Structures are given as C-alpha cells and as structure tokens.
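Enquirer:
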Amino acid sequence: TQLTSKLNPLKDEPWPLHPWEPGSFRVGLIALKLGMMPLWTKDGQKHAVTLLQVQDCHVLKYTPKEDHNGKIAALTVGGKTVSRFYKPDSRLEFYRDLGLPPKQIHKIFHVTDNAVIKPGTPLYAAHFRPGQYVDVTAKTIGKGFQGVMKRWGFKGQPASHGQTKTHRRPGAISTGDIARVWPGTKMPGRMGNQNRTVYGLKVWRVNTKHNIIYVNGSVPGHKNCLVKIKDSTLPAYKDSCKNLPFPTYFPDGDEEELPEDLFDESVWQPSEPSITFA
Amino acid sequence: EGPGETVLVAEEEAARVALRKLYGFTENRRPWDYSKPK
Amino acid sequence: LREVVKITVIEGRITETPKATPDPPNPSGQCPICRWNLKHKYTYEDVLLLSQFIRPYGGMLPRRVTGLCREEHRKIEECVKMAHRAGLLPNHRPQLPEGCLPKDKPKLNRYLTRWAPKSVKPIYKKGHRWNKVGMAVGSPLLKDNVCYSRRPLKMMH
Amino acid sequence: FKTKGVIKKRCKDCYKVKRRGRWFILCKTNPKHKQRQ
Amino acid sequence: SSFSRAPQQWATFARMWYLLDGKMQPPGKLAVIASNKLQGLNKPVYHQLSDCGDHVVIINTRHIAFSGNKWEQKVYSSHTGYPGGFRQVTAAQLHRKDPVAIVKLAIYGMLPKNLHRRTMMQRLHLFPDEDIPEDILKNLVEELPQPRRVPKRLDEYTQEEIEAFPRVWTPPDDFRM
Amino acid sequence: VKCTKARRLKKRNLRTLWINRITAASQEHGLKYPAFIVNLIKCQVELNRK
Amino acid sequence: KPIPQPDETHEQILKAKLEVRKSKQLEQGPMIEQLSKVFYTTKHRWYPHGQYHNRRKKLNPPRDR
RNA sequence: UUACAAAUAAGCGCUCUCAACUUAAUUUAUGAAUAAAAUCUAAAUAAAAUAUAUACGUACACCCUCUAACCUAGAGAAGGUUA
Ligand code: FES
Ligand SMILES: [Mg+2]
Ligand SMILES: [Mg+2]
Ligand SMILES: [Zn+2]
C-alpha cells in the first residue's frame, strides 16, 4: 500500500520542472548487482557487461545549498527495501514520516537547483538511456587481513638457496638514519571492503520491464551488492545529460510508452540476422 | 552602580549598593575607632 | 603647454601653463627641491610633491625640464615607483592601447616596495637566526632623510 | 643566453637591459651576442 | 567600591570584546596588538595562572598590506607527514587561497608556546571583510586605533589642499608634457 | 635542591610580574613603562615596583 | 542605555545555549564539543581525571577573606 | 586457464583510468625616465609560454534493534541480512 501511494509522482503536487541549461547535474540511482553476461556488437567483438537492477529507488531527503555546506544542493537516494523488524527505532520513525518502506542504503547525490526532485519520488531504470557513459561506485570485496605480497604486490623472497623463514615478508621498512618509519608505509593489513569508483562505463542497454541497466566492463563489489550509479564526471561526458530526461523519467506521466528493451546503435540485438563482415 | 551576570541581578545588586550609601556602610567608611582610650 | 589638435590638418597650439609659487623659503636654492627646503624631508607617501614631476600617464619627466639635480632626480624617481606600486596615484594609470582590460586579479596592498613584484623570487631557505636572509624594505637612496626615531631605520626586515 | 659572471658588449649595436632582475645584452644584428647574467 | 564580593569578582575578571580593522594594516602590527589583548597583558591584574584573556575580533584581513616585497618573498611551509609532502607557498598564494590564514599565523607565532595558546586562539575571530554576524556585533564593547596611519591617495586630497602645497616648478609654455 | 634554587627565583619572577602589570597600568593612561618609572623618580618620589 | 526589559537567571541562559534537541543526553564527544563552543575552549579541558589526581586535591584549601 | 576431483579463490583471463586557479628558462605588445622614427617593465602595465599542485571535483555523510541464526563482513571485536 505504501509503495502504491507514491507510484504517481506527477499527480502528487510535483515541484516545478525547470528546463535544462548548460552546467546542470542530475540525480543518480542505486542498483543491485545481479551478475555478468556476454554481449556482442555489430562489429563482432564481445564486450563483457554487467547487469544492474534498480529496486525501489526513492529519493528520501532534500538538503538546500547553504545547509548542505557545498556549493551544490544534495539529494538522498535510497534503494533495496528491507525488513522492519531489525532496525533502530530512529530509522523507522524517519521512514514512517516519509511514508515509504525502509531502504538498505543511503547515499548523497550532488544535484543542481534546477534538477531538484521532490522527496519520495520513485526512480526507475528509465532515468538512463543506451549510449550514456555512466560511473559506478561501491564497496570492494573484503579479503581480510593479508600479507604485504598480496596486498601491494611485493615481489617477496626466493623459496630456496638458503632463505630461512623469509618468503613473503616485507623487506626493509625504511631508512636506518631516520630512526623511524614514515607514515603511510605499505604494511600488512586488511584488504578490500573499501569504497571505490569506476569511471567512464558505457550503458549498452536498458531493460524497462525489469529495470536492468547493462554497464560495460567490471563494477566494484560482490554480486548482489548495492552500487551508486551516476552520470559520468569525465570531461568528455560533461554535457551528455542534455539529451536524456532532465529531472528524471516519470512513467506515471505516460508522455511516451517506451519499449521493454532499449539498445545502442552498435549493439547487435538477438534474433537479428547473423553478422556478416562484408 | 552595580555589576551583575544579568540585568536583573545587576539591577538587584545596584539597589544593594545604594542602601549601603544611605546607611553609610560603604567599605571605605572611616574605620571603627577601637583604639580610643576612653 | 603646446598640444596637437587634429582635423587632414593637425595644429599644435601653445596654451597657458600654471605658474610656480613665488618666494621659495630658501632663496637662491641651486636645485628646485632645496629652493623649497625639502631636500631631506620627502618620502614616497608625499603624493602632492611627487605629482609635480610626473607625466599624465605616470611616466617621469626629463631632468632638464623639471630642473632637479641628479641627486634628487634619482630619489624622486625611486619614490615615484614606490607610490605607483602602493596605489597612491590612481589617476595616473597606464594608457590602455586598444581598450584592453586590466589583469582583473585583486591587487595586494604593498608599500615601501624597492623592486618590481614580478622580478623578486621567493626565499625558500629562510636561513637560521645568525645567517637569516633579509627582505628588503625601502630604498638605500633615502638614507640621508631625517629620522625621528631613537635608532636608524631598519631597511632589511 | 650564456650565463656568465661578467657581461661584456661584443658589438657596437649591442645594448644593455635589466629584465626580470638580471642584466641582459641583446644585439639586433646578431642573436649570438645575446647573453644573461 | 562597595560592590558585593561575588559581583566584584565577576566584574574584575570579566572578558571584553575588541574590534580591530585590518584595512591597509600590516599583519604584524595587528598581531602585536591582537596577541597582547588575547593573553590579557593589557590588564593590571594579569597573571599567567588566571586565564584572564579577552576576545578580539579582526576584520578586513583580506585588505592587509606588506612592506617591501614581502608578498613575493615571505614563504609559509607545511608538511602533511608523508614522503614528498613538503609544500612551500608564498604569501600571495596563501592569501589568494585563504585570506584569513596570514593574520591567524602571525598571532599564533607571537603567542607563548604552551598549552594555553590553543585556548587563546579560540577567542580570536577573523573575518575576511567588514561582514560580521549579528551576535558578534552585540558582543563588541570597544574598538582599537589602527596601528599604521594609512597614507592618503592623491585623488583623496582636496583641491584646496593641493593649492596649499606650493608648486615647486612650472614647465615652460613650450612643452608637450 | 630545586627548592633552594627557587627561593632566589620567586624574587625575580615576582618582579617580572610587577613590570608586566605596571606596563599594563601605564598603557591605559597612554604612558610606556620607561616613561612612567623614570619620571616618577625624577620628581623625587620613590615608590617601588611592588 | 535604557535597560531592555522585554525578552532571567544565568542557569536558564545556559540551558537555552545547551539545548537538548537530538538524542536526549548527547555522548561525551558530541556533548563536550557543544560545551567547548559555548565557552570558546577546547574539549581537553572538559575531560575527566583518574583517581590518583582526584585524591591529591586538598579537602579544605586555605581562604583569605 | 589452474586448482578445491564443493557453491569458491587466482592469473596466464577481463574492464576502467580525468581536470589546473596559481610558473621559469623564455617570447611578444604599449610605454616613460632616456629631446626616439627607442626600451618585454628589480618603471607604471597587457599577454603567451615546462614540470609541479588542489583553487576545483569525485568518495564517505544515515547514528544505533541485536537472545539468537546466517553471511560474498571478519583473527577477536566491529559490520551486513532477518516478509
Ligand atoms: S635640493 Fe638643493 S641641490 Fe638639489
Ligand atoms: Mg617468487
Ligand atoms: Mg623456507
Ligand atoms: Zn652584438
């Protein structure tokens, strides 16, 4: 019932929809990493692509420019509804006021005042379109406490010829005269489980029915790990948001009925004739 | 005149100073003459 | 003052020039500065004195025309540079050739500047207390100026 | 722009300049005579 | 004085707010004045153990001036604590990036090198320009004379004052000027 | 030993305390410390720094 | 200046400055930081001390007037 | 591809990698001192021109229910999940 109540953003006192101008930055989605699968282009090359599913992605809170402490405003975008029985009372109270089921993860997106979206607005995979380069960031797989060789790729010491109890150990820590170890030295420690970002990942296809985006290459995190998809910040992709929906796509608006699967021009769709390199 | 942490305390204390004045209990009063032989 | 008016016919016309104040305090002063008993009593901040020797765009006038003795032709020239760098002559800015705008960077307030800001390198190794390197303040040419302090002015800070 | 302890004019056309805190002799006729301190 | 003991103790050791204007003022002279008030050296009841410092508010820190070529010759150094983390930045660059740092550093340098310096530094309030918050304005109790007399610009001088200064020399009528 | 070497250091610090407070006191009225002390003596009035 | 009557004990002023709005009693790190702002001091001043230093303190220090 | 002749972990497999407010050797332009048909200027001024770096932008931001059990989280503790 709560999810259905918010199914119609545009018919629920939406905020003004200002037009796009140069320098605008949109909001981004939080998706679940289903896995990977192969993909082919009309040139015949195979591109490894990963599947990201948007699940109950609803904007939660809207801070203003000044209070946010940044130049830009900031929106919070939660996803992946979870149970209510094992959450602190404070979190449940905040979600009850918002009128939405609790979400697994919160993240902050820097959004210009023109592109602001009212809190509680549902977000879908139609926010993106094939072609747009996108950036994904998530916690890396945690590998636990590891040695200096595996963590930083230290060469190590030979196994034979007399090396006695020294095979994977670090070498000389630092210089002798300084009588100390420089801060930040590479030493054995826990690896992984650190927030990292991948930049310039093209969007190959968008599945509207299941809200699945096909993102080129590898994305950080384990399978079923939540990520933070966002419009790419690289200089070449500075003004790729103009063509796409400026605030977002509202299916409830029903401006246009999109197909289930959206492809890029180079992508070779299945069921097409076999590729011939004429 | 009176000093205070707040205006009300300063106002209340300022009254204390005046009452001494009228009664001449200002600390700078002529010291009691304990040394009179008589 | 002879100035050229263009019309092509261009004509230079002599116009009346302001006359110098008569009765200098010191009669027969060989150099104009000494005539007025200002030999060793002027500094960079004396805009009124310095302005009397400067071209409309901030350039120095020739010694001959000004009449100052070389000793006071260099000191006056040195003080003028300090005044310009300190923004004490806002109405004598350089002539912009083709309406070019200023650099638009904010101007750092400076005074008693011996050298051009562009030509001074930073002192990365300050030096220790005994060997400490000094930063120039003022100019040596003003050594003889009257001092109203207990001890001589410290040129190097 | 050879950096030398002493700057000496190599031709009559040579002239002296004080650029960016150092002394320069630049010769219009011959760029070879250009020097720095 | 005939004041009660507790009000008398409160009055004597109360703390004051002083406003200093840094326009065309060298930071050092500001530092000399500011540091003295912060420690409480201006009070005849000053004691190193009494914590009698007072608040000082300095404005227009962006408009400070330096003698000579100190803008391009004075260098501030910092180390991040990692190899290659040594940065030497000239005063002009630091002032451009952070207008308030240069004034803050001078006061920090002059203050005594002990734990109380950090407590004193809290009392210092620096604003890049004349803008002040509402609460601070109410707090202010007095202002202090600027240490350096600001020389007047030629445009500032009145026409009559220009006349008062005698004309040292007059160019001949046959001069382009 | 420190107690013995500090009996002749409270007589020099307590004086430096006085000079700090006299310098503060005169400055309120516009006089530097050297001017205040020297002139008072030159008037033949002898008052110590305590 | 005329006394402004329209708006008071110092205890009330402290409560207004140290308003408890979030989390009821704040944790020491947050609470001490809030106190440090009000009095323009550092956090280190407000942190406690152990039982060695506490017992060194005099019970009845001398009083002069 | 090689193992565990376990659902995993590796590389020999695969994908992604970016901006410069502030410069130096140097080069221009206007222009006086220096009576020019001069002069890049430790004269007043306008620009261009290495490496650096942090003006700028990413990342984090959420404040605590935890008998318990599970976990791509983990030495312990912490952390995540529980219609
Ligand atoms: S000022 Fe008298 S000789 Fe020049
Ligand atoms: Mg090996
Ligand atoms: Mg072995
Ligand atoms: Zn030559």
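If you're matching them up, the sequences are chains E, c, r, 4, K, R and a in order.
Numbering-wise (the entry's author numbering), the first sequence opens with residue 71 and increments by one.
Numbering-wise (the entry's author numbering), the second sequence opens with residue 283 and increments by one.
The entry's author numbering puts the third sequence at residues 35 to 41, 47 to 196.
Numbering-wise (the entry's author numbering), the fourth sequence opens with residue 65 and increments by one.
Numbering-wise (the entry's author numbering), the fifth sequence opens with residue 2 and increments by one.
Numbering-wise (the entry's author numbering), the sixth sequence opens with residue 51 and increments by one.
The entry's author numbering puts the seventh sequence at residues 72 to 78, 84 to 141.
Every residue gets a Cβ at the ideal spot worked out from N, C-alpha and C, and that includes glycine.
(1) At what residues does the alpha helix (DSSP H) containing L67 (chain R) begin and finish?
(2) Listing by chain order, which chain R residues have their CB less than 7 Å from the CB of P45 (chain K)?
(3) Starting from the C-beta of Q216 (chain E), find all residues in its chain whose C-beta is less than 8 Å away, skip the five residues before and the five after it, and write them out in chain order.
(4) Could you tell me whether the Cβ atoms of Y77 (chain K) and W252 (chain E) are closer together than 8 Å?
(5) Sorry if obvious, but does the Cβ on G226 (chain E) come closer than 7 Å to a heavy atom of ligand 2?
(6) In chain order, what residues of the same chain have a beta carbon less than 8 Å from the beta carbon of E55 (chain r), not counting five sequence neighbours either side?
(7) Locate the alpha helix (DSSP H) running through residue 42 (chain r), then write down its first and last residues.
(8) Compare the C-beta of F67 (chain K) with all C-beta atoms of chain c and state if any pair is closer than 8 Å.
(9) Between the C-alpha atoms of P189 (chain E) and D167 (chain E), what's the straight-line distance to the nearest angstrom?
(10) What separation, rounded to the nearest whole angstrom, lies between the Cα atoms of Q127 (chain a) and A56 (chain R)?
(11) When DSSP labels each residue in this structure, what does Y187 (chain r) get in the three-state scheme?
(12) Could you tell me which chain K residues have their CB closer than 7 Å to the CB of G246 (chain E), listed as they occur along the chain?
(13) Return the Cβ separation of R199 (chain E) and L332 (chain E) in integer angstroms, given the expectation that the two are a contact with Cβ distance under 8 Å.
(14) Which residues bound the alpha helix (DSSP H) around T13 (chain K)?
(15) Would a check of beta-carbon distances place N70 (chain K) closer than 8 Å to chain r?
(16) Do you know offhand how far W170 (chain K)'s Cα is from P101 (chain r)'s?
(17) Does the beta-carbon of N65 (chain r) have 16 or more other beta-carbons within 10 angstroms, so that it is buried, or is it exposed?
(18) Spell out whether any CB of chain K is found under 8 Å from the CB atom of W252 (chain E).
(19) Can you tell me the Cα-Cα spacing of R153 (chain r) and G177 (chain r), whole angstroms?
(20) How would you label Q89 (chain K), buried or exposed, when you count the other beta carbons within 10 angstroms and need 16 or more for buried?
(21) Does any heavy atom of ligand 5 sit closer than 7 Å to the C-beta of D62 (chain r)?
(22) Specify whether the stretch 302-309 of chain E and the stretch 220-233 of chain E touch according to this definition: at least 3 beta carbon pairs, one from each stretch, less than 8 Å apart.
(23) Ligand 3: which residues have Cβ under 7 Å from any of its heavy atoms, chain order?
(24) Which first and last residues belong to the alpha helix (DSSP H) in which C118 (chain r) is found?
(25) How long is the line joining the alpha carbons of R124 (chain K) and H86 (chain a), rounded to whole angstroms?
(26) Let me know the secondary structure DSSP gives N65 (chain r) once reduced to three states.
(27) Let's test the definition: count the other Cβ atoms within 10 Å of the Cβ of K71 (chain K) and tell me whether it reaches 16, buried, or not, exposed.
(28) Using DSSP with H/G/I as helix, E/B as strand and the rest coil, what is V147 (chain E)?
(29) Decide yes or no for the touch test of the stretch 77-89 of chain 4 against the stretch 111-120 of chain K: beta carbon pairs closer than 8 Å, at least 3 of them.
(30) Under 8 Å by Cβ, that's how I've got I103 (chain K) and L95 (chain K) pegged, so tell me the actual separation to the nearest angstrom.
(31) Mind reading off the beta-carbon distance from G149 (chain E) to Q115 (chain E)? Whole number of angstroms is fine, and I expect it under 8 Å.
(32) At a threshold of 7 Å, does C118 (chain r) count as lining ligand 1 (C-beta to nearest heavy atom)?
(33) Find the nearest neighbour of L147 (chain r) within the set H126 (chain K), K105 (chain K), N61 (chain K) and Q49 (chain K), judged by alpha-carbon distance.
(34) Just to confirm, does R74 (chain 4) get its C-beta within under 7 Å of one of the non-hydrogen atoms of ligand 4?
(35) Would you check if the distance between the CB atom of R99 (chain R) and the CB atom of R62 (chain R) is smaller than 8 Å?
(36) Looking at chain K, is there any beta carbon in it that lies within less than 8 Å of the beta carbon of residue 144 (chain a)?
Expert: Reading from the atomic positions:
(1) On the sixth sequence, residue 67 (chain R) is found 17 positions in, with the first residue counted as 1. Per DSSP, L67 (chain R) belongs to the alpha helix (DSSP H) from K60 to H79.
(2) The residue given as residue 45 (chain K) occupies position 44 in the fifth sequence. Those are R71, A74 and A75, listed as they occur along chain R.
(3) Within the first sequence, the letter at position 146 stands for residue 216 (chain E). Closer than 8 Å at the Cβ level, and outside the excluded window around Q216 (chain E), lie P258, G259, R260 and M261.
(4) The residue given as residue 77 (chain K) occupies position 76 in the fifth sequence. The residue given as residue 252 (chain E) occupies position 182 in the first sequence. In this structure, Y77 (chain K) lies away from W252 (chain E), with their beta-carbon atoms at least 8 Å apart.
(5) Within the first sequence, numbered from 1, the residue matching residue 226 (chain E) stands at position 156. Yes, the beta carbon of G226 (chain E) sits closer than 7 Å to at least one heavy atom of ligand 2.
(6) To locate residue 55 (chain r), count along the third sequence from 1; it is residue 16. Within the same chain, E55 (chain r) has close Cβ partners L35.
(7) As shown, the structure holds no coordinates for residue 42 (chain r); chain r passes over it, running from 41 to 47.
(8) Within the fifth sequence, the letter at position 66 stands for residue 67 (chain K). Taking Cβ atoms only, chain c never reaches closer than 8 Å to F67 (chain K), which makes this a no.
(9) Here residue 189 (chain E) corresponds to residue number 119 of the first sequence, with the count starting at 1. Here residue 167 (chain E) corresponds to residue number 97 of the first sequence, with the count starting at 1. Taking the straight line joining both Cα atoms gives about 11 Å.
(10) Your numbering for residue 127 (chain a) matches position 51 in the seventh sequence. Your numbering for residue 56 (chain R) matches position 6 in the sixth sequence. Computed Cα separation, rounded: 30 Å.
(11) Counting from 1 along the third sequence, the entry for residue 187 (chain r) is found at position 148. If DSSP states are grouped into helix, strand and coil, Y187 (chain r) belongs with coil.
(12) The count along the first sequence starts at 1 and reaches residue 246 (chain E) at position 176. Those do not exist, as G246 (chain E) stays about 16 Å from chain K at its closest Cβ, beyond 7 Å.
(13) Locating residue 199 (chain E) in the first sequence gives position 129, where the first residue counts as 1. Locating residue 332 (chain E) in the first sequence gives position 262, where the first residue counts as 1. Contact holds; Cβ gap of about 6 Å.
(14) For the purposes of this step, residue 13 (chain K) is taken as residue 12 along the fifth sequence, with counting starting at 1. Here the alpha helix (DSSP H) through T13 (chain K) covers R6 to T13.
(15) As a first step, residue 70 (chain K) is located in the fifth sequence; it is residue number 69 there, counting from the start. It does; some Cβ of chain r falls within 8 Å.
(16) By 1-based counting over the fifth sequence, the position of residue 170 (chain K) is 169. By 1-based counting over the third sequence, the position of residue 101 (chain r) is 62. So the alpha carbons of these two residues sit roughly 13 Å apart.
(17) Numbered from 1 along the third sequence, position 26 holds the residue referred to as residue 65 (chain r). By the neighbour-count rule (16 or more Cβ atoms within 10 Å), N65 (chain r) is not buried but exposed.
(18) Position 182 of the first sequence, counting from 1, holds the residue named residue 252 (chain E). For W252 (chain E), the answer is yes, since a Cβ of chain K falls inside 8 Å of its Cβ.
(19) Numbered from its first residue, the third sequence carries residue 153 (chain r) at position 114. Numbered from its first residue, the third sequence carries residue 177 (chain r) at position 138. Straight-line Cα distance between these residues: approximately 6 Å.
(20) Walking along the fifth sequence from the start, residue 89 (chain K) turns up at place 88. Classification for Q89 (chain K): exposed.
(21) With respect to small molecules bound, the structure shown includes ligand 1, ligand 2, ligand 3 and ligand 4 and not ligand 5.
(22) Segments in contact, no.
(23) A229 (chain E), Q233 (chain E), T234 (chain E), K235 (chain E) and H237 (chain E)
(24) Here the question's residue 118 (chain r) lines up with position 79 in the third sequence. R109 to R124 is the span of the alpha helix (DSSP H), which, as asked, contains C118 (chain r).
(25) By 1-based counting over the fifth sequence, the position of residue 124 (chain K) is 123. By 1-based counting over the seventh sequence, the position of residue 86 (chain a) is 10. Between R124 (chain K) and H86 (chain a), the C-alpha separation is close to 21 Å.
(26) Against the third sequence, residue 65 (chain r) aligns to sequence position 26. Coil.
(27) Position 70 of the fifth sequence, counted from the first residue, corresponds to residue 71 (chain K). Its Cβ being crowded by 16 or more others within 10 Å, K71 (chain K) is buried.
(28) Counted from its first residue, the first sequence places residue 147 (chain E) at position 77. The answer is strand: DSSP assigns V147 (chain E) an E or B state.
(29) Taking 8 Å as the limit for Cβ pairs, the verdict is that the stretch 111-120 of chain K does not touch the stretch 77-89 of chain 4.
(30) Working through the fifth sequence from its first residue, we reach residue 103 (chain K) at position 102. Working through the fifth sequence from its first residue, we reach residue 95 (chain K) at position 94. So it is a contact: roughly 6 Å between Cβ atoms.
(31) For the purposes of this step, residue 149 (chain E) is taken as the residue at position 79 of the first sequence. For the purposes of this step, residue 115 (chain E) is taken as the residue at position 45 of the first sequence. Contact doesn't hold; Cβ gap of about 32 Å is too wide.
(32) Here residue 118 (chain r) refers to the residue found at position 79 when the third sequence is read from its first residue. Checking the 7 Å criterion, the Cβ of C118 (chain r) is out of range of every heavy atom belonging to ligand 1.
(33) Here residue 147 (chain r) is taken as the residue at index 108 of the third sequence, counted from 1. Checking every option, the nearest Cα to that of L147 (chain r) belongs to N61 (chain K).
(34) To locate residue 74 (chain 4), count along the fourth sequence from 1; it is residue 10. For ligand 4, at least one heavy atom lies less than 7 Å from the Cβ of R74 (chain 4).
(35) On the sixth sequence, position 49 is the one that residue 99 (chain R) refers to. On the sixth sequence, position 12 is the one that residue 62 (chain R) refers to. Contact flag unset, no.
(36) The displayed coordinates of chain a run from 72 to 141. Any statement about residue 144 (chain a) would go beyond what the structure contains.
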